[PDB]
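The file input_28.pdb comes next; it holds PDB, C-alpha atoms.
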```pdb
ATOM      1  CA  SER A1856     -17.154  14.574 -23.169
ATOM      2  CA  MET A1857     -20.820  13.499 -23.834
ATOM      3  CA  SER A1858     -20.929  10.641 -26.445
ATOM      4  CA  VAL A1859     -17.073  11.091 -26.895
ATOM      5  CA  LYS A1860     -14.885   8.455 -25.293
ATOM      6  CA  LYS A1861     -11.294   7.250 -25.516
ATOM      7  CA  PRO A1862     -11.041   3.539 -26.325
ATOM      8  CA  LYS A1863     -12.042   1.177 -23.379
ATOM      9  CA  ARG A1864      -8.907  -0.124 -21.436
ATOM     10  CA  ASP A1865      -9.671  -3.700 -20.159
ATOM     11  CA  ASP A1866      -9.922  -3.410 -16.308
ATOM     12  CA  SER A1867     -11.567  -6.883 -15.800
ATOM     13  CA  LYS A1868      -8.357  -8.412 -14.362
ATOM     14  CA  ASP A1869      -7.355  -5.456 -12.115
ATOM     15  CA  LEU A1870      -8.877  -6.995  -8.899
ATOM     16  CA  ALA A1871      -7.010 -10.247  -9.348
ATOM     17  CA  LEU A1872      -3.806  -8.567 -10.302
ATOM     18  CA  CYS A1873      -3.893  -6.072  -7.267
ATOM     19  CA  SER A1874      -4.476  -9.207  -5.048
ATOM     20  CA  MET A1875      -1.375 -10.823  -6.445
ATOM     21  CA  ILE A1876       0.760  -7.757  -5.899
ATOM     22  CA  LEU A1877      -0.548  -7.515  -2.311
ATOM     23  CA  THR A1878       0.340 -11.278  -1.762
ATOM     24  CA  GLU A1879       3.873 -10.566  -2.883
ATOM     25  CA  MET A1880       4.117  -7.525  -0.561
ATOM     26  CA  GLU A1881       2.681  -9.691   2.341
ATOM     27  CA  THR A1882       5.338 -12.395   1.895
ATOM     28  CA  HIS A1883       8.363 -10.082   1.518
ATOM     29  CA  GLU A1884      10.777 -10.549   4.404
ATOM     30  CA  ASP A1885      10.692  -6.775   5.212
ATOM     31  CA  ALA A1886       6.872  -6.647   5.374
ATOM     32  CA  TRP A1887       6.780  -7.194   9.229
ATOM     33  CA  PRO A1888       6.311  -3.450  10.214
ATOM     34  CA  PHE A1889       3.291  -3.234   7.802
ATOM     35  CA  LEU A1890       1.353  -6.527   8.314
ATOM     36  CA  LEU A1891      -0.991  -5.295  11.006
ATOM     37  CA  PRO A1892      -2.326  -1.958  12.137
ATOM     38  CA  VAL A1893       0.003   0.030  14.436
ATOM     39  CA  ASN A1894      -1.338  -0.479  18.030
ATOM     40  CA  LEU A1895      -2.603   3.029  18.898
ATOM     41  CA  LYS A1896      -2.856   2.230  22.611
ATOM     42  CA  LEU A1897       0.781   1.083  22.790
ATOM     43  CA  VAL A1898       2.647   3.476  20.469
ATOM     44  CA  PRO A1899       2.794   6.957  21.920
ATOM     45  CA  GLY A1900       2.301   9.742  19.360
ATOM     46  CA  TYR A1901       0.908   7.595  16.482
ATOM     47  CA  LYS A1902      -2.751   8.372  16.876
ATOM     48  CA  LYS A1903      -2.284  12.161  16.923
ATOM     49  CA  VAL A1904       0.383  12.407  14.294
ATOM     50  CA  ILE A1905      -0.754   9.897  11.618
ATOM     51  CA  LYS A1906      -4.087  11.103  10.494
ATOM     52  CA  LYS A1907      -4.859   8.121   8.259
ATOM     53  CA  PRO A1908      -3.260   4.845   9.489
ATOM     54  CA  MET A1909      -2.974   2.114   6.857
ATOM     55  CA  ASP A1910      -1.484  -1.391   6.815
ATOM     56  CA  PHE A1911      -1.446  -4.527   4.550
ATOM     57  CA  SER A1912      -4.163  -6.389   6.505
ATOM     58  CA  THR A1913      -6.531  -3.366   6.174
ATOM     59  CA  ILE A1914      -5.807  -3.097   2.449
ATOM     60  CA  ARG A1915      -6.478  -6.858   2.155
ATOM     61  CA  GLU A1916      -9.859  -6.518   3.892
ATOM     62  CA  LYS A1917     -10.814  -3.461   1.765
ATOM     63  CA  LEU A1918      -9.775  -5.282  -1.450
ATOM     64  CA  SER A1919     -11.694  -8.472  -0.569
ATOM     65  CA  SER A1920     -14.907  -6.542   0.211
ATOM     66  CA  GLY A1921     -15.116  -4.239  -2.850
ATOM     67  CA  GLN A1922     -14.076  -1.070  -1.158
ATOM     68  CA  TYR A1923     -11.564  -0.036  -3.945
ATOM     69  CA  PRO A1924     -13.478   1.581  -6.836
ATOM     70  CA  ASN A1925     -10.501   1.320  -9.160
ATOM     71  CA  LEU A1926      -6.778   0.288  -9.277
ATOM     72  CA  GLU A1927      -5.654   3.906  -8.471
ATOM     73  CA  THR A1928      -7.466   4.017  -5.129
ATOM     74  CA  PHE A1929      -5.639   0.704  -4.311
ATOM     75  CA  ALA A1930      -2.218   2.270  -5.141
ATOM     76  CA  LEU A1931      -3.039   5.330  -3.015
ATOM     77  CA  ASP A1932      -3.520   3.155   0.122
ATOM     78  CA  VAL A1933      -0.346   1.123  -0.528
ATOM     79  CA  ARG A1934       1.598   4.422  -0.893
ATOM     80  CA  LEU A1935      -0.125   5.730   2.289
ATOM     81  CA  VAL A1936       1.450   2.828   4.232
ATOM     82  CA  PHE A1937       4.926   4.037   3.131
ATOM     83  CA  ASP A1938       4.243   7.750   3.568
ATOM     84  CA  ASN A1939       3.074   7.075   7.064
ATOM     85  CA  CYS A1940       6.196   5.017   7.774
ATOM     86  CA  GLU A1941       8.426   7.892   6.531
ATOM     87  CA  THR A1942       6.477  10.371   8.635
ATOM     88  CA  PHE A1943       7.095   8.435  11.905
ATOM     89  CA  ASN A1944      10.414   6.574  11.486
ATOM     90  CA  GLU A1945      13.928   7.826  10.932
ATOM     91  CA  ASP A1946      15.523   6.751   7.588
ATOM     92  CA  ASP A1947      18.420   5.154   9.532
ATOM     93  CA  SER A1948      16.230   2.614  11.450
ATOM     94  CA  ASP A1949      15.240  -0.959  10.676
ATOM     95  CA  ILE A1950      11.599   0.122  10.081
ATOM     96  CA  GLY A1951      12.652   3.246   8.094
ATOM     97  CA  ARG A1952      14.761   1.076   5.737
ATOM     98  CA  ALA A1953      12.012  -1.532   5.530
ATOM     99  CA  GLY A1954       9.641   1.176   4.271
ATOM    100  CA  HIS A1955      11.967   2.425   1.557
ATOM    101  CA  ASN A1956      12.683  -1.133   0.410
ATOM    102  CA  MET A1957       8.973  -2.054   0.254
ATOM    103  CA  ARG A1958       7.996   1.116  -1.609
ATOM    104  CA  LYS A1959      10.629   0.301  -4.261
ATOM    105  CA  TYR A1960       9.423  -3.288  -4.500
ATOM    106  CA  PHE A1961       5.812  -2.071  -4.884
ATOM    107  CA  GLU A1962       6.495   0.592  -7.540
ATOM    108  CA  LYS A1963       8.301  -1.886  -9.803
ATOM    109  CA  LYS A1964       5.558  -4.459  -9.573
ATOM    110  CA  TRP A1965       3.057  -1.684 -10.261
ATOM    111  CA  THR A1966       4.840  -0.359 -13.423
ATOM    112  CA  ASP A1967       5.517  -3.895 -14.676
ATOM    113  CA  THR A1968       1.934  -5.106 -14.191
ATOM    114  CA  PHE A1969       0.025  -2.025 -15.453
ATOM    115  CA  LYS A1970       2.352   0.452 -17.426
TER     116      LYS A1970
END
```

Let me see whether you can do it: turn the structure in this file into structure tokens.
Amino acid sequence: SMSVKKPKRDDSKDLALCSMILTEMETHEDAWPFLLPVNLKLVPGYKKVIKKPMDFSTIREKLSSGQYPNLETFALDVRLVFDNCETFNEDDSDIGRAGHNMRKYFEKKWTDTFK
């Protein structure tokens, strides 16, 4: 409350460390469905169904331009990429499996880097 604060967690390295995580997600062999925005002209149903499209290149541009106020808003967009994938793709599909694998990969890096 006013003039009453928990001790200050060092967040000075968060930007660099989110960038490194994102590099590792970019270079994963199963990243290919997530590298670029879904083409809304060429994929019937995507625009209407997926209210907030998100992809790794869009996260990279947001990160690089100071559009993440803190490390939690960064994690929310990464998770959005996988929630969207689950919304639109069957589990038993190459893309569906890619999304589960990448979400797992992400959540471990996240816990190991920050928890």

Point to revise | Hits of the PyMOL selection byres ((chain A and resi 1925) around 9) in this structure, as number ranges by chain | key: A: 1866, 1869-1870, 1923-1924, 1926-1929

Find the spatial neighbours of residue 1886 (chain A), counting all atoms listed in the file, within a cut-off of 9 Å - ignore same-chain residues fewer than 3 positions away - and output them as a PDB file with C-alpha atoms, in the frame of the given file.
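This went into part-v9.pdb:
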```
ATOM      1  CA  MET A1880       4.117  -7.525  -0.561  1.00  0.00           C
ATOM      2  CA  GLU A1881       2.681  -9.691   2.341  1.00  0.00           C
ATOM      3  CA  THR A1882       5.338 -12.395   1.895  1.00  0.00           C
ATOM      4  CA  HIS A1883       8.363 -10.082   1.518  1.00  0.00           C
ATOM      5  CA  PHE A1889       3.291  -3.234   7.802  1.00  0.00           C
ATOM      6  CA  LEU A1890       1.353  -6.527   8.314  1.00  0.00           C
ATOM      7  CA  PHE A1911      -1.446  -4.527   4.550  1.00  0.00           C
ATOM      8  CA  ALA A1953      12.012  -1.532   5.530  1.00  0.00           C
ATOM      9  CA  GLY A1954       9.641   1.176   4.271  1.00  0.00           C
ATOM     10  CA  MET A1957       8.973  -2.054   0.254  1.00  0.00           C
TER      11      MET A1957
END
```

Practice item. Using only C-alpha atoms, give me every residue within 7 Å of (-1.9, -0.7, 8.8) in file coordinates, as a ChimeraX atom specification. Key: /A:1889-1893,1908-1913,1936

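Proximity of A:1904, A:1937, A:1970, A:1874 to residue 1921 (chain A), computed with only C-alpha atoms, is greatest for A:1874.
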
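Of the residues listed (A:1876, A:1859, A:1865, A:1918), A:1876 shows the shortest atom-to-atom separation from residue 1964 (chain A); distances use only C-alpha atoms.
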
Study note, to complete from the structure: CA of residue 1920 (chain A) to CA of residue 1878 (chain A) measures 16.1 Å

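With distances taken over all atoms listed in the file, A:1934 is the one residue among A:1917, A:1902, A:1907, A:1934 lying closest to residue 1961 (chain A).
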
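Distance-wise, CA of residue 1945 (chain A) and CA of residue 1879 (chain A) end up 25.1 Å apart.
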
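Taking only C-alpha atoms into account, residue 1939 (chain A) lies nearest to A:1905 out of the set A:1873, A:1905, A:1914, A:1857.
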
Point to revise | Nearby residues (all atoms listed in the file) at most 12 Å from residue 1966 (chain A), same-chain spacing under 6 positions excluded, as a PyMOL selection string | key: chain A and resi 1876+1930+1959-1960

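You will find CA of residue 1871 (chain A) at 17.4 Å from CA of residue 1962 (chain A).
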
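Distances from A:1898, A:1872, A:1940, A:1877 to residue 1915 (chain A) were compared using all atoms listed in the file, and the smallest one belongs to A:1877.
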